[PDB]
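What follows is the content of model.txt, which has compact mmCIF, C-alpha atoms and all ligand atoms:
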```
# COMPACT_ATOMS: atom_id res chain seq x y z
CA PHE A 2 45.18 8.61 -58.30
CA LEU A 3 47.62 6.03 -56.98
CA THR A 4 50.74 4.83 -58.78
CA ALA A 5 51.33 1.07 -58.86
CA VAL A 6 54.43 -0.41 -57.25
CA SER A 7 55.06 -2.41 -60.45
CA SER A 8 55.28 0.80 -62.52
CA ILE A 9 59.01 1.08 -61.70
CA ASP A 10 61.68 -1.61 -61.85
CA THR A 11 62.86 -1.54 -58.22
CA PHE A 12 60.45 -4.10 -56.76
CA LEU A 13 59.83 -6.36 -59.76
CA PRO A 14 62.26 -9.08 -58.59
CA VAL A 15 60.49 -9.54 -55.26
CA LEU A 16 57.00 -9.13 -56.75
CA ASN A 17 57.95 -12.01 -59.10
CA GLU A 18 58.49 -14.08 -55.92
CA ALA A 19 55.53 -13.02 -53.77
CA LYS A 20 51.80 -12.96 -53.37
CA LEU A 21 50.08 -10.19 -51.37
CA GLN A 22 47.75 -10.95 -48.46
CA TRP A 23 45.30 -8.14 -47.70
CA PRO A 24 43.46 -7.43 -45.42
CA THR A 25 43.90 -10.92 -43.90
CA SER A 26 45.99 -14.02 -44.55
CA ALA A 27 43.31 -15.85 -46.52
CA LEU A 28 42.60 -12.99 -49.02
CA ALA A 29 45.41 -12.85 -51.56
CA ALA A 30 46.50 -11.41 -54.89
CA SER A 31 48.92 -13.47 -56.95
CA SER A 32 52.41 -12.58 -58.12
CA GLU A 33 51.00 -12.23 -61.64
CA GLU A 34 48.46 -9.69 -60.37
CA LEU A 35 51.16 -7.74 -58.52
CA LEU A 36 53.35 -7.63 -61.63
CA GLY A 37 50.27 -6.62 -63.64
CA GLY A 38 49.75 -3.35 -61.80
CA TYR A 39 47.89 -4.22 -58.61
CA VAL A 40 47.38 -1.00 -56.66
CA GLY A 41 45.22 0.43 -53.90
CA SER A 42 45.48 2.59 -50.79
CA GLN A 43 46.80 -0.51 -48.99
CA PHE A 44 49.73 -1.00 -51.42
CA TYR A 45 51.02 1.76 -53.70
CA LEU A 46 54.16 3.59 -54.78
CA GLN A 47 54.68 6.59 -52.50
CA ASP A 48 56.84 9.53 -53.56
CA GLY A 49 57.96 7.69 -56.66
CA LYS A 50 60.10 5.21 -54.73
CA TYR A 51 58.45 3.53 -51.71
CA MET A 52 56.44 0.32 -51.76
CA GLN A 53 54.06 1.49 -49.04
CA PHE A 54 51.82 -0.83 -47.02
CA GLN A 55 48.83 0.40 -44.97
CA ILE A 56 46.46 -1.59 -42.75
CA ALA A 57 44.08 -1.04 -39.82
CA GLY A 58 42.49 -3.51 -37.44
CA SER A 59 43.61 -6.16 -34.97
CA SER A 60 45.81 -8.79 -36.64
CA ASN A 61 44.98 -7.53 -40.12
CA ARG A 62 47.78 -7.27 -42.65
CA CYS A 63 48.97 -6.03 -45.99
CA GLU A 64 51.89 -8.38 -46.42
CA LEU A 65 53.94 -10.12 -49.10
CA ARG A 66 54.33 -13.89 -48.78
CA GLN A 67 57.33 -15.57 -50.45
CA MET A 68 56.56 -17.66 -53.53
CA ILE A 69 58.68 -19.75 -55.85
CA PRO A 70 59.78 -17.31 -58.59
CA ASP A 71 58.26 -17.00 -62.05
CA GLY A 72 54.67 -17.97 -61.34
CA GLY A 73 55.55 -20.72 -58.91
CA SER A 74 53.58 -22.00 -55.98
CA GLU A 75 54.07 -21.34 -52.26
CA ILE A 76 57.64 -21.84 -51.13
CA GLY A 77 58.58 -23.96 -48.16
CA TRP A 78 62.18 -24.20 -47.03
CA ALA A 79 63.92 -25.39 -43.88
CA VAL A 80 66.39 -23.77 -41.54
CA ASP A 81 68.57 -26.89 -41.84
CA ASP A 82 68.27 -27.58 -45.58
CA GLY A 83 71.80 -26.22 -46.10
CA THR A 84 70.71 -23.34 -48.33
CA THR A 85 71.37 -19.82 -47.10
CA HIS A 86 68.02 -18.06 -47.05
CA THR A 87 68.46 -14.28 -47.13
CA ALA A 88 65.99 -11.41 -47.02
CA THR A 89 67.14 -7.82 -47.45
CA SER A 90 65.22 -4.57 -47.19
CA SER A 91 65.46 -0.84 -46.72
CA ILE A 92 62.53 0.51 -44.69
CA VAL A 93 61.28 3.93 -43.66
CA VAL A 94 59.06 3.49 -40.62
CA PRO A 95 57.15 6.79 -40.31
CA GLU A 96 55.57 7.93 -37.06
CA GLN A 97 52.79 5.49 -36.22
CA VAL A 98 49.43 6.99 -35.29
CA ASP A 99 47.84 6.60 -31.88
CA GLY A 100 46.39 3.15 -31.38
CA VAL A 101 49.11 1.38 -33.37
CA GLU A 102 51.24 -0.54 -30.84
CA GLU A 103 53.25 -3.13 -32.81
CA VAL A 104 53.73 -3.59 -36.56
CA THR A 105 55.46 -6.67 -37.92
CA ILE A 106 57.49 -5.64 -40.97
CA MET A 107 59.48 -8.80 -41.84
CA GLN A 108 58.98 -12.44 -40.89
CA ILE A 109 60.10 -15.98 -41.22
CA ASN A 110 56.85 -17.89 -40.90
CA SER A 111 55.94 -21.52 -41.41
CA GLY A 112 53.11 -23.97 -41.14
CA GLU A 113 53.75 -24.32 -37.40
CA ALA A 114 54.60 -20.96 -35.82
CA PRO A 115 56.56 -17.80 -36.69
CA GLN A 116 60.26 -18.48 -36.39
CA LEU A 117 61.04 -14.77 -36.57
CA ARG A 118 59.25 -11.45 -36.54
CA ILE A 119 60.94 -8.09 -36.94
CA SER A 120 58.51 -5.49 -35.63
CA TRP A 121 58.20 -1.86 -34.73
CA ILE A 122 57.13 -1.53 -31.07
CA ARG A 123 55.79 1.55 -29.31
CA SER A 124 57.03 0.75 -25.79
CA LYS A 125 58.50 -2.33 -24.10
CA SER A 126 60.90 -3.38 -21.37
CA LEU A 127 63.43 -6.04 -22.40
CA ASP A 128 65.74 -7.66 -19.85
CA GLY A 129 65.29 -4.80 -17.40
CA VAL A 130 65.70 -1.95 -19.90
CA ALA A 131 62.85 0.20 -21.17
CA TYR A 132 62.82 0.96 -24.89
CA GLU A 133 60.54 3.26 -26.90
CA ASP A 134 59.67 3.61 -30.58
CA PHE A 135 62.03 0.87 -31.68
CA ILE A 136 62.61 -2.16 -33.89
CA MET A 137 62.61 -5.57 -32.21
CA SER A 138 63.24 -9.17 -33.18
CA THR A 139 61.11 -11.97 -31.74
CA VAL A 140 62.48 -15.48 -32.29
CA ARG A 141 60.56 -18.59 -31.27
CA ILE A 142 62.52 -21.33 -29.51
CA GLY A 143 59.39 -23.37 -28.71
CA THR A 144 55.67 -23.62 -29.45
CA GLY A 145 54.29 -22.45 -26.09
CA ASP A 146 52.88 -19.04 -25.23
CA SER A 147 54.93 -18.02 -22.19
CA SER A 148 57.93 -15.71 -22.53
CA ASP A 149 60.34 -18.66 -22.22
CA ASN A 150 59.33 -19.64 -25.77
CA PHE A 151 60.78 -16.45 -27.27
CA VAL A 152 63.99 -14.48 -27.54
CA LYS A 153 63.26 -10.77 -27.95
CA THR A 154 65.99 -8.29 -28.83
CA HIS A 155 66.16 -4.52 -29.21
CA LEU A 156 67.66 -4.08 -32.68
CA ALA A 157 67.61 -0.30 -33.11
CA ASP A 158 65.55 2.72 -32.22
CA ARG A 159 63.36 3.89 -35.10
CA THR A 160 65.23 6.31 -37.35
CA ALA A 161 64.07 9.26 -39.39
CA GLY A 162 65.74 7.85 -42.50
CA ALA A 163 65.69 4.51 -44.24
CA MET A 164 66.96 1.59 -42.19
CA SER A 165 68.49 -1.44 -43.88
CA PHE A 166 67.89 -5.02 -42.80
CA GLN A 167 69.42 -8.34 -43.70
CA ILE A 168 68.14 -11.65 -42.35
CA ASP A 169 70.34 -14.70 -43.00
CA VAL A 170 69.42 -18.28 -42.13
CA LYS A 171 72.01 -21.01 -42.67
CA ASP A 172 72.52 -24.36 -40.96
CA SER A 173 69.95 -23.71 -38.24
CA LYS A 174 71.40 -20.32 -37.27
CA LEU A 175 70.04 -16.80 -37.68
CA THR A 176 71.94 -13.55 -38.19
CA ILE A 177 70.26 -10.13 -38.35
CA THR A 178 72.07 -7.02 -39.59
CA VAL A 179 70.55 -3.53 -39.26
CA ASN A 180 72.12 -0.52 -41.00
CA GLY A 181 75.12 -2.74 -41.71
CA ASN A 182 75.63 -3.59 -38.01
CA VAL A 183 75.16 -7.12 -36.72
CA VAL A 184 72.51 -7.09 -34.00
CA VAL A 185 71.95 -10.89 -33.70
CA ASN A 186 74.58 -13.49 -34.61
CA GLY A 187 74.17 -17.22 -34.60
CA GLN A 188 70.80 -17.38 -32.88
CA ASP A 189 69.77 -21.02 -32.70
CA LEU A 190 66.86 -22.17 -34.86
CA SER A 191 67.42 -25.91 -34.36
CA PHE A 192 64.04 -26.36 -32.65
CA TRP A 193 62.75 -25.88 -36.21
CA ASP A 194 65.03 -28.49 -37.80
CA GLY A 195 62.97 -30.51 -40.23
CA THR A 196 60.20 -27.90 -40.52
CA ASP A 197 60.08 -27.72 -44.32
CA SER A 198 57.37 -25.06 -44.61
CA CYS A 199 59.30 -21.88 -43.80
CA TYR A 200 59.02 -18.74 -45.91
CA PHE A 201 59.76 -15.04 -45.74
CA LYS A 202 57.16 -12.29 -45.41
CA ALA A 203 57.36 -8.50 -45.39
CA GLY A 204 54.98 -5.55 -45.26
CA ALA A 205 52.71 -4.49 -42.41
CA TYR A 206 51.00 -6.86 -39.97
CA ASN A 207 49.20 -4.97 -37.21
CA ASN A 208 49.58 -6.60 -33.77
CA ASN A 209 47.51 -5.74 -30.68
CA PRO A 210 46.33 -2.22 -31.65
CA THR A 211 44.31 -0.26 -29.11
CA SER A 212 42.12 1.26 -31.84
CA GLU A 213 40.60 -0.75 -34.67
CA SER A 214 40.60 2.23 -37.04
CA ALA A 215 44.24 3.30 -36.55
CA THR A 216 46.15 2.63 -39.76
CA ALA A 217 49.67 1.21 -39.58
CA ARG A 218 51.91 2.44 -42.40
CA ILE A 219 55.32 1.13 -43.50
CA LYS A 220 57.45 2.23 -46.49
CA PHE A 221 59.93 -0.06 -48.28
CA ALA A 222 62.66 1.48 -50.42
CA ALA A 223 63.97 -2.00 -51.24
CA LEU A 224 63.03 -5.62 -50.61
CA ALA A 225 64.49 -8.87 -51.92
CA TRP A 226 64.67 -12.51 -50.98
CA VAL A 227 67.13 -15.08 -52.29
CA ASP A 228 68.22 -18.67 -51.75
CA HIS A 229 71.90 -19.28 -52.30
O1 LIG B 301 56.64 -9.43 -22.14
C1 LIG B 301 56.33 -9.99 -23.22
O2 LIG B 301 57.22 -10.53 -23.91
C2 LIG B 301 54.92 -9.92 -23.69
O3 LIG B 301 54.69 -10.99 -24.66
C3 LIG B 301 53.25 -11.24 -24.95
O4 LIG B 301 53.09 -12.42 -25.75
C4 LIG B 301 53.41 -12.22 -27.12
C5 LIG B 301 54.40 -13.24 -27.59
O5 LIG B 301 55.62 -13.09 -26.85
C6 LIG B 301 54.68 -13.11 -29.05
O6 LIG B 301 55.19 -11.79 -29.34
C7 LIG B 301 53.41 -13.32 -29.82
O7 LIG B 301 53.60 -13.06 -31.20
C8 LIG B 301 52.48 -13.43 -32.05
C9 LIG B 301 52.17 -12.24 -32.88
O8 LIG B 301 51.71 -11.07 -32.10
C10 LIG B 301 51.16 -12.53 -33.93
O9 LIG B 301 49.90 -12.70 -33.31
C11 LIG B 301 51.52 -13.80 -34.75
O10 LIG B 301 52.54 -13.49 -35.46
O11 LIG B 301 51.84 -14.97 -33.81
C12 LIG B 301 52.91 -14.59 -32.90
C13 LIG B 301 53.30 -15.86 -32.18
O12 LIG B 301 52.41 -16.68 -31.85
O13 LIG B 301 54.51 -16.08 -31.97
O14 LIG B 301 52.37 -12.40 -29.34
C14 LIG B 301 52.13 -12.38 -27.91
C15 LIG B 301 51.24 -11.23 -27.61
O15 LIG B 301 50.30 -11.37 -26.78
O16 LIG B 301 51.45 -10.12 -28.18
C16 LIG B 301 52.43 -11.41 -23.68
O17 LIG B 301 52.86 -12.62 -23.02
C17 LIG B 301 52.60 -10.23 -22.80
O18 LIG B 301 51.84 -10.43 -21.59
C18 LIG B 301 54.03 -10.00 -22.44
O19 LIG B 301 54.16 -8.78 -21.72
NA NA B 302 56.31 9.18 -44.59
```
Written as structure tokens, how would this file's structure read?
Amino acid sequence: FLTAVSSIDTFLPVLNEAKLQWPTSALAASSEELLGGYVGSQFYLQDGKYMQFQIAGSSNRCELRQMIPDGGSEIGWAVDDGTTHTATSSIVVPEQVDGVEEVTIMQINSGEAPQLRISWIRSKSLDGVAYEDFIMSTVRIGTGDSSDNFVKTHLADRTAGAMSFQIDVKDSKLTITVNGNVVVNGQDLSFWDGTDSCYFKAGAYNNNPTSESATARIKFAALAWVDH
């Protein structure tokens, strides 16, 4: 028997501003359904406190997608609209099973391309330095596929305990704070000026696994998004 995330108060504010995509982008449950007790192995309250996401398969997801609050439709904002767009979370990333290679846990996405992904990564070299079992940001600065279109940053090695995140977008600039420490300040987003379809996401989006059955698993102790 699985306990629903909505059975406690902690996540109601974000559930009131999200729909859930599972197991792919086009299959969704509404904010109303989430608030009404949506539950399953993919999305349940673990140990009385964690909004836990689980998903297997290449490019499959169990992921919240930002909505206008209070039964609203899909949100679309812009990096240069003047509003500060802020997402906060506290995440326990447990040990990922063999075959899971990258799990996107927070995003800024849009109708053109992902402006930002925060992901857990098993192993990667960045700017000449090898990192293992760590949290990375990937920012798009163009629409191409080569590495020149991205800025990738080692944010923090994965920790045993909960790790806090804050993503702030204001006036075409991005700041990321992890465990209270700034890890990216003033990253340019101006390529995306005028893109009015941006939105936050969070959960588990399974990227390039080497086994289709390996289940990615991510636990949120807190999640919120706000415009201010
Ligand atoms: O060394 C590198 O940086 C490796 O990057 C690989 O290309 C990445 C690309 O940089 C980026 O991470 C992209 O991200 C996509 C994501 O996985 C999801 O599919 C979706 O969110 O869309 C993202 C996007 O389009 O921005 O994924 C690719 C990738 O293949 O994983 C390769 O170039 C690799 O050879 C290289 O080592
Ligand atoms: Na765990």
>> To check your reading of the model: which residues sit at most 10 Å from ligand LIG 301 (chain B) when counting all atoms listed in the file? Write the answer as a PyMOL selection string.
In response: chain A and resi 59-61+102-105+108-110+113-118+120+125-128+138-153+206-209
For chain A against ligand NA 302 (chain B), with a cut-off of 10 Å and counting only C-alpha atoms and all ligand atoms, what is the closest atom pair and its distance in Å to one decimal for every residue that makes the cut, ordered by chain and number, as a tab-separated table?
```
residue	atom	partner	partner_atom	distance
A:47	CA	B:NA302	NA	8.5
A:48	CA	B:NA302	NA	9.0
A:51	CA	B:NA302	NA	9.3
A:53	CA	B:NA302	NA	9.2
A:93	CA	B:NA302	NA	7.3
A:94	CA	B:NA302	NA	7.5
A:95	CA	B:NA302	NA	5.0
A:96	CA	B:NA302	NA	7.7
A:97	CA	B:NA302	NA	9.8
A:161	CA	B:NA302	NA	9.3
A:162	CA	B:NA302	NA	9.7
A:218	CA	B:NA302	NA	8.3
A:219	CA	B:NA302	NA	8.2
A:220	CA	B:NA302	NA	7.3
```
Interface rows for range 140-226 of chain A against range 7-25 of chain A: nearest pair, Å to one decimal, 10 Å, all atoms listed in the file, as a tab-separated table:
```
residue	atom	partner	partner_atom	distance
A:201	CA	A:19	CA	9.3
A:202	CA	A:19	CA	8.5
A:203	CA	A:21	CA	9.6
A:204	CA	A:21	CA	9.1
A:205	CA	A:23	CA	9.8
A:206	CA	A:25	CA	9.1
A:221	CA	A:12	CA	9.4
A:222	CA	A:11	CA	8.4
A:223	CA	A:12	CA	6.9
A:224	CA	A:15	CA	6.6
A:225	CA	A:15	CA	5.3
A:226	CA	A:15	CA	6.7
```
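If you measure from each of A:33, A:134, A:213, A:194 to residue 160 in chain A using all atoms listed in the file, the closest one turns out to be A:134.
The coordinates place CA of residue 42 in chain A at 28.7 Å from CA of residue 87 in chain A.
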> What is the CA of residue 199 in chain A-CA of residue 124 in chain A distance in Å, reported with one decimal?
Replying inline: 29.0 Å
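Computed from the coordinates, the CA of residue 76 in chain A to CA of residue 43 in chain A distance equals 24.0 Å.
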>> Which residues are near residue 80 in chain A? Cut-off 12 Å, only C-alpha atoms, ignore same chain within fewer than 2 positions. Put them as a count of residues only.
In response: 35
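Compared by their closest atoms to residue 29 in chain A, and using all atoms listed in the file, the residues A:217, A:106, A:65, A:157 rank with A:65 nearest.
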> With all atoms listed in the file as the basis for distance, which of A:31, A:180, A:74, A:55 is at the shortest distance from residue 167 in chain A?
Replying inline: A:180
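For residue 57 in chain A, the list of residues within 6 Å, based on all atoms listed in the file and with local chain neighbours fewer than 6 positions off taken out, reads residues 214, 215 and 216 of chain A.
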Output file for the residues above (C-alpha atoms, as a PDB file, keeping the file's coordinate frame):
```pdb
ATOM      1  CA  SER A 214      40.600   2.230 -37.040  1.00  0.00           C
ATOM      2  CA  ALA A 215      44.240   3.300 -36.550  1.00  0.00           C
ATOM      3  CA  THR A 216      46.150   2.630 -39.760  1.00  0.00           C
TER       4      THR A 216
END
```
Find the residues with any atom within 9 Å of (71.7, -7.0, -36.1); use all atoms listed in the file and the coordinates as given in the file, and write the answer as a PDB file with C-alpha atoms, keeping the file's coordinate frame.
```pdb
ATOM      1  CA  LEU A 156      67.660  -4.080 -32.680  1.00  0.00           C
ATOM      2  CA  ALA A 157      67.610  -0.300 -33.110  1.00  0.00           C
ATOM      3  CA  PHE A 166      67.890  -5.020 -42.800  1.00  0.00           C
ATOM      4  CA  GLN A 167      69.420  -8.340 -43.700  1.00  0.00           C
ATOM      5  CA  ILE A 168      68.140 -11.650 -42.350  1.00  0.00           C
ATOM      6  CA  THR A 176      71.940 -13.550 -38.190  1.00  0.00           C
ATOM      7  CA  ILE A 177      70.260 -10.130 -38.350  1.00  0.00           C
ATOM      8  CA  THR A 178      72.070  -7.020 -39.590  1.00  0.00           C
ATOM      9  CA  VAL A 179      70.550  -3.530 -39.260  1.00  0.00           C
ATOM     10  CA  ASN A 180      72.120  -0.520 -41.000  1.00  0.00           C
ATOM     11  CA  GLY A 181      75.120  -2.740 -41.710  1.00  0.00           C
ATOM     12  CA  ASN A 182      75.630  -3.590 -38.010  1.00  0.00           C
ATOM     13  CA  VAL A 183      75.160  -7.120 -36.720  1.00  0.00           C
ATOM     14  CA  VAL A 184      72.510  -7.090 -34.000  1.00  0.00           C
ATOM     15  CA  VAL A 185      71.950 -10.890 -33.700  1.00  0.00           C
ATOM     16  CA  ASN A 186      74.580 -13.490 -34.610  1.00  0.00           C
TER      17      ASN A 186
END
```
>> Would you pick out the contacts of residue 46 in chain A at 8 Å or less, using all atoms listed in the file, so that residues sharing its chain but fewer than 5 positions from it are not included, and give the list as number ranges by chain?
In response: A: 3-6, 51-53
> Hey, which of A:119, A:40, A:107, A:187 ends up closest to residue 155 in chain A? Count all atoms listed in the file.
Replying inline: A:119
